[PDB]
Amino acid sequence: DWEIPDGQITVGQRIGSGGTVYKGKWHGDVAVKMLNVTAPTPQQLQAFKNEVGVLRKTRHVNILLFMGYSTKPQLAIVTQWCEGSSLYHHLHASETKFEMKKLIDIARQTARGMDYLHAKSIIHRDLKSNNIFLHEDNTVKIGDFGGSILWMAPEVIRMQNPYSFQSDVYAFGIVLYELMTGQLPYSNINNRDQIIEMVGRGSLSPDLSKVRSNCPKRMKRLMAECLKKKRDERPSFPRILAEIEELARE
């Protein structure tokens, strides 16, 4: 089994909270995600092992690698350590001058991981650029599927059956929007309640006039399909992947 016994992991620097993520040492570098629980009930332990079971179904280069789990001294999930920062950081904080070639590659890699998860019947539920780690600045690692409102599909935003393969697709659409515009959607409306109301009712959607000159018109159309307010009108990942790989040639 994939349990790591007590004392094998050396916990280092805290990364962020929400439980808590640390850098650790275990046969090299790992990320250690501490759930806020020291004496699990024989009921929490079962929802934990249940979630571990989900993570263990993934083996793919664009999905954060599951490496094991801890019961003692604390419930914790152990993964590979990623170097660098999230796609969100690159796109919106540091303004990494990515050529359109790289931008497309990132989308393609994101599409690969999502298509993979969907094949294994896993709905992400929280895809956003903060959750796409750009390991060594090259490889997309999709994490955080074991504050999100800009990526929420109208049906999800309707305060709510809403989490589906198609809500993931919509969130992926917002990610394409981020990539192809360099911007977060609704940037000229800094109002959470307003966005919840307007996106929820279908009166507001991302401003597509903002996708850059360089964006293969074929990508812009694909992004529009992913963002269909009408959930059934959205493409599936197999189709999204096929599409992105083909335009990636030209």
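Start at 1 and count along the sequence shown; that's the residue number.
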Item to check | Missing from the model but present in the deposited sequence, between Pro238 and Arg239 | outcome: none
Checklist entry - Taking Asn138 and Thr139 as adjacent modelled residues, how many residues of the deposited sequence between them have no coordinates (none, 1 to 3, 4 to 9, 10 or more)? => result none
Checklist entry - Per the entry, where is the mean C-alpha temperature factor higher: 176 to 184 or 126 to 134? => result 176 to 184
Checklist outcome for this item: For 46 to 54 versus 190 to 198, entry-based mean Cα B-factors point to 46 to 54
Item to check | Residue with highest C-alpha B-factor in the PDB entry, from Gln166, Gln109, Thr79, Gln160 | outcome: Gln160
Checklist outcome for this item: Among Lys33, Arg221, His60, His27, the highest C-alpha B-factor in the PDB entry belongs to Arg221
Checklist outcome for this item: By the entry's values, the third containing the CA B factor of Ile9 is the lowest
Checklist outcome for this item: For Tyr170, the third of its chain by CA B-factor is the lowest
Item to check | Chain thirds of CA B-factor: placement of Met100 | outcome: highest
Next on the checklist: Please say which third, lowest, middle or highest, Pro40 falls into when its CA temperature factor is compared across its chain.
Outcome noted: highest
Checklist outcome for this item: Split the chain's modelled residues into thirds by Cα B-factor; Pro206 lands in the middle
